[PDB]
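Reviewing the structure listed below.
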Amino acid sequence: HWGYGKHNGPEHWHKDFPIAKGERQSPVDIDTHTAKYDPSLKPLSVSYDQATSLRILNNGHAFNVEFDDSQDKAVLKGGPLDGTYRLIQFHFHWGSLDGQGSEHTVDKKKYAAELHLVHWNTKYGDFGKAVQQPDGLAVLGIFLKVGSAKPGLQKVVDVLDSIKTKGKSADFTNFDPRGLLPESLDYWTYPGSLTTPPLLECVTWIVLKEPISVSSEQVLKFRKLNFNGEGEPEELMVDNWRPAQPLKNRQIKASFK
Ligand SMILES: On1cc(C(F)(F)F)ccc1=S
Ligand SMILES: [Zn+2]
């Protein structure tokens, strides 16, 4: 099945998922000089005070921190969005080395990792119906650089030993995703896609300009996870990022001057 290796990595995905070579695929390189300021954009509204985390899951491609999305508890609105998007899960993409790992790049610069907070448009009722729509999702993307530790990340790093291999989950209640946000909500936005199969073109991407800093020890612990299941040859979960895809007929808009 798909993955990130030589034989089943991103350059292969198009054979099972032809939309891989579609018109609005993600990630992309953000050319900062050509992203135009759009003064009609709104401040993003991130309302996470009532977020209810439930569980953390190693799905064989990344780990997901899952939320109860049965009510309007943790929502994203404003910015480029019409309506209200509900948080369902977050996950990361990261490298085997600090020099790589993010999916979006900024003037071709790769960060050590990239956090994706996935939200679905509540007008569609649930996640599975939202991914049938071109405005079904909004993904808040936040870059990670290695430097100072991020205290708000440590509860995630500390649970990873309990979900080392594919298919493992752990209770993961009362985690506050506000602790993963940088100071500034200045962002770039463009229409794109999921960055793993099935690569659906549902996503309004909102990528924050300000990275968060995480420590070398925090990211080292992400790299001890495994893509394989228990009892299988160990294959470290590293380099689970898709490279930048052609921008095609898209414009990236900046919320800031
Ligand atoms: O790529 N991708 C995939 C998913 C899911 F959950 F549908 F698998 C959600 C968000 C993103 S970015
Ligand atoms: Zn992702």
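Positions are given from 1, in the same order as the sequence printed here.
Residues in residues 39-55 take part in these salt bridge (charged side-chain N to carboxylate O under 4.0 Å, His left out) pairs, two or more places apart or across chains: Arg55-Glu66. The list of ring-ring contact (aromatic ring centres under 6.0 Å, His included) pairs with a residue in residues 148-169, not counting sequence neighbours, is empty. Listed by first then second residue, pairs satisfying ring-ring contact (aromatic ring centres under 6.0 Å, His included) with a partner in residues 22-47 number zero, not counting sequence neighbours. Evaluation of the salt bridge (charged side-chain N to carboxylate O under 4.0 Å, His left out) test over residues 139-153, restricted to residues two or more places apart or in two chains, returns none.
Here the closest non-hydrogen pair linking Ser102 and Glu114 is CB-OE1, 3.5 Å. Between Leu185 and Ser255, the shortest heavy-atom distance links the atoms O-OG, 4.4 Å. Nearest heavy atoms, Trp205 versus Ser26: NE1-OG, 3.1 Å. Residues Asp107 and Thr32 share a closest heavy-atom pair of OD2-OG1, 2.6 Å. Among all heavy-atom pairs drawn from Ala149 and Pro151, the shortest one is O-CD, 3.4 Å. Between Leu117 and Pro177, the shortest heavy-atom distance links the atoms CD2-CB, 4.4 Å.
Under a hydrophobic clustering in which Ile, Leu, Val, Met, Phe, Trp and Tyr are joined whenever their side-chain heavy atoms come within less than 4.5 Å, directly or via other members, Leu181 and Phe92 fall into the same cluster. Connection of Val156 to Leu220 is not established within any shared hydrophobic cluster, with ILVMFWY side chains joined at heavy-atom distances below 4.5 Å, either directly or through further cluster members. Cluster membership for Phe175 and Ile56, using ILVMFWY side-chain heavy atoms within less than 4.5 angstrom, is shared. Hydrophobic clustering, with ILVMFWY side chains joined whenever heavy atoms are under 4.5 angstrom apart, groups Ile142 together with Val157. A continuous path of hydrophobic side-chain contacts links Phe90 to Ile163 [ILVMFWY only; heavy atoms under 4.5 Å].
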Show the numbers, then the answer: is there a ring pair (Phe, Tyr, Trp, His ring centres under 6.0 Å) between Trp241 and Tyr4? CA-CA 8 Å; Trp241 52 274; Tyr4 295 95; 8.7 Å; no
Are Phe67 and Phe172 close enough, and set up right, to give a side chain to side chain contact (heavy atoms under 4.5 Å, CB included), and what steps lead you there? CA-CA 9 Å; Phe67 289 82; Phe172 199 64; over 6 Å; no
Apply ring pair (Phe, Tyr, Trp, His ring centres under 6.0 Å) to residues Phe63 and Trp94 and explain how you reach the verdict. CA-CA 11 Å; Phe63 61 86; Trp94 63 89; 5.8 Å; yes
Assess the residue pair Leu180 and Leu153 against the criterion (side chain to side chain contact (heavy atoms under 4.5 Å, CB included)); give the C-alpha distance rounded to whole Å, side-chain angles, the decisive distance to 0.1 Å, and a yes or no. CA-CA 6 Å; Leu180 298 175; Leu153 182 66; 3.9 Å; yes
Audit row: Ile30, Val207, side chain to side chain contact (heavy atoms under 4.5 Å, CB included) steps and yes/no: CA-CA 9 Å; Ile30 298 165; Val207 177; 3.9 Å; yes
Take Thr189 and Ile252 through the test side chain to side chain contact (heavy atoms under 4.5 Å, CB included) and record every step on the way to the result. CA-CA 6 Å; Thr189 182; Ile252 305 180; over 6 Å; no
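Within 6.0 Å of CG in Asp126 there are more than 12 heavy atoms belonging to other residues, nucleotides or ligands. Summarising the local packing, CG of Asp158 is surrounded by more than 12 heavy atoms from other residues, nucleotides or ligands at distances under 6.0 Å. Atom NZ of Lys36 has 12 or fewer neighbouring heavy atoms from other residues, nucleotides or ligands inside a 6.0 Å radius. Surrounding CD of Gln251 are at most 12 heavy atoms belonging to other residues, nucleotides or ligands under 6.0 Å away. Within a 6.0 Å radius of CD in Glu210, more than 12 heavy atoms belonging to other residues, nucleotides or ligands are found.
Under 4.0 Å is where a charged nitrogen must lie from a carboxylate oxygen, and between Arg223 and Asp98 at least one such pair does.
Note that CG of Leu44 is 7.0 Å distant from CG of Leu81, once rounded to the nearest 0.5 Å. Rounded to the nearest 0.5 Å, atoms CG (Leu236) and OG (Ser96) are 9.5 Å apart. In this structure, NZ in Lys248 is found 8.0 Å from NZ in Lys21, a value given to the nearest 0.5 Å. Rounding to the nearest 0.5 Å places NZ of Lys253 at 14.0 Å from CD1 of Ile206. The OG atom of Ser47 sits 15.0 Å away from the OH atom of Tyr85 when rounded to the nearest 0.5 Å. Atom NZ of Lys221 and atom OG of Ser216 lie 11.0 Å apart (nearest 0.5 Å).
The salt bridge (charged side-chain N to carboxylate O under 4.0 Å, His left out) search around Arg178 returns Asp176, not counting sequence neighbours. In terms of the side-chain contact (heavy atoms from CB on, under 4.5 Å) criterion, residue partners of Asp72 (sequence neighbours excluded) are, by chain and number, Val75, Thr84, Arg86, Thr122. Taking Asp68 as the reference, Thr52, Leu54, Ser70, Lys73 meet the side-chain contact (heavy atoms from CB on, under 4.5 Å) condition, with sequence neighbours excluded. Residues forming a ring-ring contact (aromatic ring centres under 6.0 Å, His included) with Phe227 (at least two apart in sequence, or on another chain): none. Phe143 pairs by the ring-ring contact (aromatic ring centres under 6.0 Å, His included) definition with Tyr111, not counting sequence neighbours. Evaluation of the side chain to side chain donor-acceptor pair (under 3.5 Å) rule for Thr195 yields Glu103 as partners, not counting sequence neighbours.
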Atom pairs and distances, donor-acceptor, side-chain atoms in residues 196-204, under 3.5 Å, two or more places apart:
unit_1	atom_1	unit_2	atom_2	d
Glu201	OE2	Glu23	N	3.4
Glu201	OE2	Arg24	N	3.0
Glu201	OE2	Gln25	NE2	3.0

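Contact check for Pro243 versus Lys110: no side-chain heavy atoms found under the 4.5 Å cut-off. A heavy-atom distance below 4.5 Å is found between the side chains of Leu144 and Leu115. You'll find the side chain of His61 stays beyond 4.5 Å of the side chain of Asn240, heavy atoms only. Residues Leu137 and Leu194 meet the side-chain proximity criterion, which asks for heavy atoms closer than 4.5 Å. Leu140 is listed as a side-chain neighbour of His119, based on a closest heavy-atom distance under 4.5 Å.
Cluster partners of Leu57, using a side-chain heavy-atom cutoff of under 4.5 Å among ILVMFWY residues and allowing indirect links: none.
No side-chain donor from either of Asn226 and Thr165 sits under 3.5 Å from a side-chain acceptor of the other. Looking at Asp69 and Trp120, their side chains do bring a donor and an acceptor atom within 3.5 Å of each other. One side chain, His93 or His116, offers a donor N or O that lies under 3.5 Å from an acceptor on the other.
Checking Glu234, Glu235, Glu230 one by one against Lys164, the salt bridge (charged side-chain N to carboxylate O under 4.0 Å, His left out) holds for a single residue, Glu234.
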